[PDB]
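Engineer: Questions regarding the structure given below will be posed in turn.
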Amino acid sequence: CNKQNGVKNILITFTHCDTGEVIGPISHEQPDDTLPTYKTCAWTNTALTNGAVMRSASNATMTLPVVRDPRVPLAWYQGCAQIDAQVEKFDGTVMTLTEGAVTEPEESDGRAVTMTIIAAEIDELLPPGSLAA
Amino acid sequence: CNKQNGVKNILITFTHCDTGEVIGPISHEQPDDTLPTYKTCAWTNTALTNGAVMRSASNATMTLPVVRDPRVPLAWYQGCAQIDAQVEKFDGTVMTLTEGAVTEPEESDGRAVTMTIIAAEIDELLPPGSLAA
Amino acid sequence: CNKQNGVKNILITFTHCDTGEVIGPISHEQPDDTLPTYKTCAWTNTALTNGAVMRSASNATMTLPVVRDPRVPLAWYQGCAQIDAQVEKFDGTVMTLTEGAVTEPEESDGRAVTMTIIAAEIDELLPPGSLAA
Amino acid sequence: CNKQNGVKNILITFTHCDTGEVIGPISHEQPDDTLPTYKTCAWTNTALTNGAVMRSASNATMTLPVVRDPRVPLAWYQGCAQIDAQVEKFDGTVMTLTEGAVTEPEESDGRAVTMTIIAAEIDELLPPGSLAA
Amino acid sequence: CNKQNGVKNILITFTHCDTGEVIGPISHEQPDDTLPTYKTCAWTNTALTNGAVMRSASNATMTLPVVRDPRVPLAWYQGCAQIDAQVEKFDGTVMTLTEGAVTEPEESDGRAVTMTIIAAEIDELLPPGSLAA
Amino acid sequence: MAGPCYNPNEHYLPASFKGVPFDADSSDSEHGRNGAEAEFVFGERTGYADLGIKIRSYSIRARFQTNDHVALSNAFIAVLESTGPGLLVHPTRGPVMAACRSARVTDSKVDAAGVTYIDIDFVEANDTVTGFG
């Protein structure tokens with residue numbers, strides 16, 4: 001099954017800034033039928049007149065809705081800890097992120113958390129048989 | 001079948017801007033029931049008083065929702081590469097675009113991408129029997 | 001049948017601005033169940049205190065959703081050509097417009113085009129038996 | 001039948017500004033299930049701190065959705081003529097307006113018109129047996 | 001029945017501000033299934049940094065949707081008169097207000113009026129057995 | 001203005017200068033009287049002395065929308081620079097004699113193509129004999 005659009009594994013690795021603790025790559029499960037969304041192009045374009053474009057810095061963003069693990073404080077999932085995430089889709093694509101930070105956390109009832117992460121770059125592992133280098 | 005409103009073929013030809021490699025014209029398919037949209041008049045009017053108008057530069061744009069090819073990095077479909085697109089509707093119309101650029105990309109889940117493209121000029125091929133030159 | 005509310009005929013005449021070409025009045029057909037709208041009073045009132053008003057120039061505008069003719073370039077229906085339009089309703093009313101211009105065109109999929117037109121004045125032909133002179 | 005909330009008679013009397021013509025009190029009918037709304041107090045209160053208030057001039061406003069009469073130009077129904085209206089509800093209340101003016105007209109398809117009127121004051125005639133003088 | 005959320009009696013006592021006449025306490029009924037709403041704390045807090053708060057004046061308000069009494073002019077139910085209201089809920093709670101003022105009235109069709117009232121203080125009568133003094 | 005029977009073309013005079021018509025878009029003025037306010041020292045009383053009339057000043061704004069506005073606009077500037085004062089028909093103050101003191105011509109090619117604005121600053125100028133009294 002290769003044409004199924006879905007998520008297979010989610011691994012996260014916290015790092016408490018205030019104490020330096022590190023927690024192994026725990027696995028997670030998603031809360032609902034939504035999927036994560038990605039943006040891997042660092043620079044951003046703007047529309048000038050007559051086909052030109054302005055180029056701005058911007059960042060690389062992530063959006064990871066995941067069920068909270070009942071053995072980790074809720075604070076860590078918000079902007080009180082570093083994050084290192086990996087998502088493996090069914091087809092085979094694997095996307096990794098390191099040294100990410102959470103931005104503008106919103107209130108969560110205790111189970112569903114929707115993290116917004118930003119990092120310098122995101123590395124993508126396409127299935128076998130890619131074209132670009 | 002000339003009264004059927006739909007898209008027949010979609011061809012794209014990327015050109016990586018940091019290595020110069022070119023990927024030949026690949027075919028694509030639609031993600032949903034929506035259709036592309038067009039605007040070919042470069043100048044834009046605004047309403048003055050008593051029937052007059054003001055003309056401004058503006059550009060010619062494109063909106064092309066297409067399913068990501070599983071053999072091309074997701075970055076290319078965003079603002080990290082050039083695009084050359086062609087769309088052939090069922091009735092026979094063909095809309096060509098070259099040296100296009102992607103503007104203000106939004107996050108995608110890895111399958112569906114809605115590209116916004118701007119170019120100096122878009123050329124249209126009407127079916128046989130056109131009136132205007 | 002006079003109480004039926006609908007549109008009976010729609011004639012449009014195009015005058016290309018960069019070449020002077022003129023295309024005779026071509027009948028058109030509407031894309032959906034919506035109807036055109038009108039505004040003929042070329043003066044706007046603003047509410048002051050104690051029942052007084054203020055006059056401002058404003059214009060007379062028409063919104064005309066029509067189905068693109070497959071023998072005319074899509075650019076003409078947008079702000080790249082002059083328009084002369086006539087609409088005849090079932091009851092008998094006729095609304096004529098000349099030397100109109102298209103304003104702030106939006107993207108169209110290639111079949112359905114909604115045109116916003118502004119002109120110095122719109123002339124109305126009421127059915128037989130009017131009261132006002 | 002005094003408990004029925006509805007409109008019974010609508011009388012309007014136009015007065016062309018540019019020619020001094022006057023049209024008798026023609027009767028009208030409403031286009032849909034909505035009802036007119038009224039505001040008869042020409043002073044507005046703003047909330048200060050600790051229960052105080054501030055008074056502002058404001059005006060007396062009316063909202064009269066009525067079907068266009070096919071013997072009167074559409075322009076008259078917009079801000080190109082004076083209006084004198086009267087609305088008689090089923091219960092008995094009669095409310096009259098004189099020397100009103102239309103403000104900020106919107107586009108209409110030729111049958112349904114929603115006039116917004118402003119005047120110095122609106123006179124209300126309560127059914128027999130009122131309390132206030 | 002002591003757990004039914006609803007309103008039992010509504011009493012209003014107008015006081016015309018231009019003639020000084022007073023109309024005794026009249027009973028009213030509701031226009032729909034909505035209920036009044038209250039705010040009894042005069043001061044208002046705002047969020048500072050690190051758990052602090054800023055305190056501002058504000059007022060005590062009230063929202064009272066009621067059916068217009070067919071023996072009272074529609075003007076009195078807006079900024080053009082004073083109000084003294086009382087609401088008795090089914091459980092036994094009684095809210096009293098005196099020397100209230102109507103703010104920013106909106107147009108009404110002639111039957112349903114949604115008055116907004118502000119006063120220096122609103123007094124609440126809890127059922128027997130209250131804890132706080 | 002009150003009432004909907006106003007007619008701006010009937011109350012505002014058509015502007016002009018040295019006999020060349022032009023389209024006015026605004027009308028201001030400045031009047032006054034020269035005083036000699038004086039306040040004594042250690043005193044509870046002040047004084048005043050009227051000492052002549054103050055020189056007026058008018059400011060107007062013009063708009064050119066017609067086809068080929070540059071020729072008319074560029075030809076009107078040649079009149080403002082003509083030596084000596086001349087008759088001015090102020091839209092509201094009537095015919096007066098004034099001399100142009102400055103004029104800023106605003107234009108653009110992409111932001112606003114097809115309309116030219118020009119602000120003016122007039123000064124009252126009454127002819128005087130040359131023999132100094």
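Letters A, B, ... go to the chains of the structure tokens in the order shown; residues in each chain start at 1; ligands are counted from 1 in the same order.
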What does the C-alpha RMSD come to when chain E is least-squares superposed onto chain A, all C-alpha atoms paired in sequence order?
Structural biologist: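 The C-alpha RMSD comes out at 0.2 Å.
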Engineer: When you look at residue 17 in chain D with a cut-off of 10 Å (counting only C-alpha atoms), what residues show up, excluding the ones that are within fewer than 4 positions of it in the same chain? I need them as a list in words.
Structural biologist: residues 21, 22, 76, 80, 81 and 82 of chain D; 3, 4, 5, 6 and 7 of chain F
Engineer: Please write the residues from the selection above to a file, keeping N, CA and C atoms, as a PDB file, in the first residue's frame.
Structural biologist:
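What ended up in selection-v8.pdb:
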ATOM      1  N   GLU D  21     -41.726  67.464 -10.215  1.00  0.00           N
ATOM      2  CA  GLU D  21     -42.877  66.594 -10.389  1.00  0.00           C
ATOM      3  C   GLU D  21     -43.237  65.911  -9.076  1.00  0.00           C
ATOM      4  N   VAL D  22     -44.530  65.655  -8.896  1.00  0.00           N
ATOM      5  CA  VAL D  22     -45.051  64.985  -7.711  1.00  0.00           C
ATOM      6  C   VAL D  22     -45.959  63.850  -8.159  1.00  0.00           C
ATOM      7  N   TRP D  76     -35.516  56.934  -9.133  1.00  0.00           N
ATOM      8  CA  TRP D  76     -36.278  57.619  -8.095  1.00  0.00           C
ATOM      9  C   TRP D  76     -36.194  56.875  -6.768  1.00  0.00           C
ATOM     10  N   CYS D  80     -32.265  59.926  -5.811  1.00  0.00           N
ATOM     11  CA  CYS D  80     -32.561  60.953  -6.804  1.00  0.00           C
ATOM     12  C   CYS D  80     -33.984  61.491  -6.662  1.00  0.00           C
ATOM     13  N   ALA D  81     -34.547  61.448  -5.453  1.00  0.00           N
ATOM     14  CA  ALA D  81     -35.881  61.997  -5.228  1.00  0.00           C
ATOM     15  C   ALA D  81     -36.259  62.007  -3.752  1.00  0.00           C
ATOM     16  N   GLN D  82     -37.075  62.977  -3.349  1.00  0.00           N
ATOM     17  CA  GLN D  82     -37.616  62.996  -1.999  1.00  0.00           C
ATOM     18  C   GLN D  82     -38.634  61.873  -1.827  1.00  0.00           C
TER      19      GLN D  82
ATOM     20  N   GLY F   3     -32.538  67.923   3.237  1.00  0.00           N
ATOM     21  CA  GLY F   3     -33.457  67.626   2.167  1.00  0.00           C
ATOM     22  C   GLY F   3     -32.733  66.976   1.007  1.00  0.00           C
ATOM     23  N   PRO F   4     -33.435  66.155   0.229  1.00  0.00           N
ATOM     24  CA  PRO F   4     -32.821  65.533  -0.952  1.00  0.00           C
ATOM     25  C   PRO F   4     -32.966  66.324  -2.243  1.00  0.00           C
ATOM     26  N   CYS F   5     -33.394  67.583  -2.180  1.00  0.00           N
ATOM     27  CA  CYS F   5     -33.608  68.396  -3.368  1.00  0.00           C
ATOM     28  C   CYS F   5     -32.455  69.354  -3.639  1.00  0.00           C
ATOM     29  N   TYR F   6     -31.276  69.087  -3.089  1.00  0.00           N
ATOM     30  CA  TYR F   6     -30.115  69.913  -3.381  1.00  0.00           C
ATOM     31  C   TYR F   6     -29.612  69.639  -4.794  1.00  0.00           C
ATOM     32  N   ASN F   7     -28.940  70.635  -5.369  1.00  0.00           N
ATOM     33  CA  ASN F   7     -28.404  70.539  -6.726  1.00  0.00           C
ATOM     34  C   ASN F   7     -27.057  71.247  -6.757  1.00  0.00           C
TER      35      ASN F   7
END
Engineer: Using CA of residue 40 in chain E and CA of residue 53 in chain D as the two end points, give the distance in Å to one decimal.
Structural biologist: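 CA of residue 53 in chain D lies 18.0 Å from CA of residue 40 in chain E.
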Engineer: Considering only C-alpha atoms, extract the chain D residues located within 6 Å of chain E and return them as JSON, numbers by chain.
Structural biologist: {"D": [36, 37, 38, 39, 40, 41, 44, 45, 46, 49, 50, 51, 130, 131]}
Engineer: Calculate how many Å separate CA of residue 18 in chain E from CA of residue 133 in chain D, rounding to one decimal.
Structural biologist: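 Rounded to one decimal, the two atoms are 11.8 Å apart.
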Engineer: Go through D:112, D:97, D:91, D:63 one by one, measure the shortest atom-to-atom distance of each to residue 128 in chain D using only C-alpha atoms, and give the residue with the smallest value.
Structural biologist: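 The answer is D:91, which sits nearest to residue 128 in chain D.
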Engineer: Please report, as a PyMOL selection string, each residue of chain C to which DSSP assigns helix (DSSP H, G or I) when run on this structure's backbone.
Structural biologist: chain C and resi 49-51+74-77
Engineer: Residues as selected, N, CA and C atoms, written as a PDB file, in the first residue's frame, can you do that?
Structural biologist:
ATOM      1  N   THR C  49     -26.235  65.238  10.971  1.00  0.00           N
ATOM      2  CA  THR C  49     -27.043  65.312  12.178  1.00  0.00           C
ATOM      3  C   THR C  49     -28.334  66.074  11.912  1.00  0.00           C
ATOM      4  N   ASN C  50     -29.431  65.573  12.482  1.00  0.00           N
ATOM      5  CA  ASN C  50     -30.720  66.260  12.453  1.00  0.00           C
ATOM      6  C   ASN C  50     -31.344  66.239  11.057  1.00  0.00           C
ATOM      7  N   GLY C  51     -31.169  65.134  10.341  1.00  0.00           N
ATOM      8  CA  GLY C  51     -31.890  64.907   9.108  1.00  0.00           C
ATOM      9  C   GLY C  51     -31.294  65.521   7.862  1.00  0.00           C
ATOM     10  N   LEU C  74     -10.056  35.663 -23.455  1.00  0.00           N
ATOM     11  CA  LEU C  74     -10.453  35.929 -22.078  1.00  0.00           C
ATOM     12  C   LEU C  74      -9.995  37.298 -21.600  1.00  0.00           C
ATOM     13  N   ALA C  75      -8.950  37.859 -22.209  1.00  0.00           N
ATOM     14  CA  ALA C  75      -8.455  39.160 -21.771  1.00  0.00           C
ATOM     15  C   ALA C  75      -9.489  40.253 -22.009  1.00  0.00           C
ATOM     16  N   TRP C  76     -10.229  40.165 -23.116  1.00  0.00           N
ATOM     17  CA  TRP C  76     -11.182  41.217 -23.452  1.00  0.00           C
ATOM     18  C   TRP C  76     -12.245  41.368 -22.373  1.00  0.00           C
ATOM     19  N   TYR C  77     -12.762  40.252 -21.855  1.00  0.00           N
ATOM     20  CA  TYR C  77     -13.786  40.331 -20.821  1.00  0.00           C
ATOM     21  C   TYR C  77     -13.277  41.004 -19.556  1.00  0.00           C
TER      22      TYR C  77
END
Engineer: Neighbouring residues of residue 119 in chain F were defined as those with any atom within 9 Å, considering only C-alpha atoms; residues of the same chain fewer than 6 positions away were excluded. Please report them as a list in words.
Structural biologist: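 Once the adjacent positions are removed, what remains is residues 59, 60, 61, 62, 102, 103, 104, 105 and 106 of chain F.
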Engineer: Name the residues of chain C that come out as strand (DSSP E or B) in a backbone DSSP run; write them as a VMD selection string.
Structural biologist: chain C and resid 7 to 16 22 to 27 37 to 39 44 to 47 52 to 56 60 to 67 81 to 89 94 to 102 108 112 to 119 123 to 125
Engineer: Which is closer to chain F than all the others in D:83, D:95, D:132, D:48, using only C-alpha atoms?
Structural biologist: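 Looking at the shortest contact to chain F, the residue is D:83.
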Engineer: Go through B:93, B:9, B:116, B:4 one by one, measure the shortest atom-to-atom distance of each to residue 25 in chain B using only C-alpha atoms, and give the residue with the smallest value.
Structural biologist: B:9
Engineer: May I ask for the distance between CA of residue 69 in chain B and CA of residue 35 in chain B, given in Å to one decimal place?
Structural biologist: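 Atom-to-atom, CA of residue 69 in chain B to CA of residue 35 in chain B, that is 18.2 Å.
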Engineer: If we count only C-alpha atoms, which residues of chain F reach to within 8 Å of chain B? Please list them as a count of residues only.
Structural biologist: 9
Engineer: I'd like the neighbourhood of range 5-8 of chain C as a list in words, where a residue qualifies if any of its atoms comes within 7 Å (using only C-alpha atoms), though same-chain residues fewer than 5 positions away should be ignored.
Structural biologist: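 Here the answer would be residues 88, 89 and 90 of chain C.
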Engineer: For residue 55 in chain F, find every residue with an atom within 12 Å (counting only C-alpha atoms), except residues of its own chain fewer than 3 positions away, and show them as a PyMOL selection string.
Structural biologist: chain F and resi 29-34+52+58+98+122-126
